[PDB]
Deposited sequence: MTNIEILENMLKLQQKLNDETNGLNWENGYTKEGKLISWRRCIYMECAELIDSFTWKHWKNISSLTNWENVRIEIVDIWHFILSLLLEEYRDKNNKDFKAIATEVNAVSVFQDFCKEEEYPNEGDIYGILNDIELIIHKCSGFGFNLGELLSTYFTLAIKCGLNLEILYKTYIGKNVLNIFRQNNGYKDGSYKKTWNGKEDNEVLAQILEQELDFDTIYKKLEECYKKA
């Protein structure tokens, strides 16, 4: 697949997931159940979650090494919400072509970097830039995307890694919606392992959408 085709495929999957999660015409701002949708909030909130993967707190557990696998899933979570924002702002090929034209995107398709603990305050500054942009109004989507890819590169992702991990988390997101996430009946911890970690384990063995879903269903039945 070309890079544009990868992007198109992600947009298609995001569209489908958002239709299932929110009902059709979620682009107009409300779920079927009448919850207000703010992709700006989803983004800055997920950024805060990403910040918590690092030892940013000067007063608490001040020596802990980063779990970069956790960081990778967070970067993927943010990407789900950025895709959603693009879709809302509103022809997947057209949007993919625009994303592909962001200058840093070419750098993002290269071989990945291996970050270390030395890189955390730089990473944190980049996340803070995104939180600032998305918590304000009238920002430029292209600038958002640039900053995001710069961050993703710092965190050791490239397009290949993003796509693989995105496909997996997209499955888990669909799974949750089919299993009571909205009504609060879903159980997130399965015999002591968080669903995201069951997923991370599954993503060690090169599977398609439907097979990932089956493996999740099988682990969940044991909860």
query	finding
Regions of the deposited sequence not represented in the model	91-96
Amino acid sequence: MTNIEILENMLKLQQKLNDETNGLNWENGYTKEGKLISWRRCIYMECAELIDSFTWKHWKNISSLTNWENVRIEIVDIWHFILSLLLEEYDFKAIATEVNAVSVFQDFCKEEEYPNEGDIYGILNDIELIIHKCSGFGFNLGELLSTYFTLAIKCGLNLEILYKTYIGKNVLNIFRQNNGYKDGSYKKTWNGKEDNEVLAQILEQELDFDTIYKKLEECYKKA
From here on, numbers count along this sequence of modelled residues.
| item | value |
| --- | --- |
| Mean C-alpha temperature factor, higher of 194-202 and 173-181 | 194-202 |
| Entry-level comparison of average CA B-factors, 111-119 and 126-134, reporting the higher stretch | 111-119 |
| Maximum C-alpha temperature factor, selected from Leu11, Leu24, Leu17, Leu207 | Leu207 |
| C-alpha B-factor winner, where the candidates are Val71, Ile153, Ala101, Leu87 | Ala101 |
| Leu144 - which third its CA temperature factor falls in, relative to the rest of the chain | middle |
| Third assignment of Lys188 from its chain's C-alpha B-factors | highest |
| Chain thirds of CA B-factor: placement of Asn61 | middle |
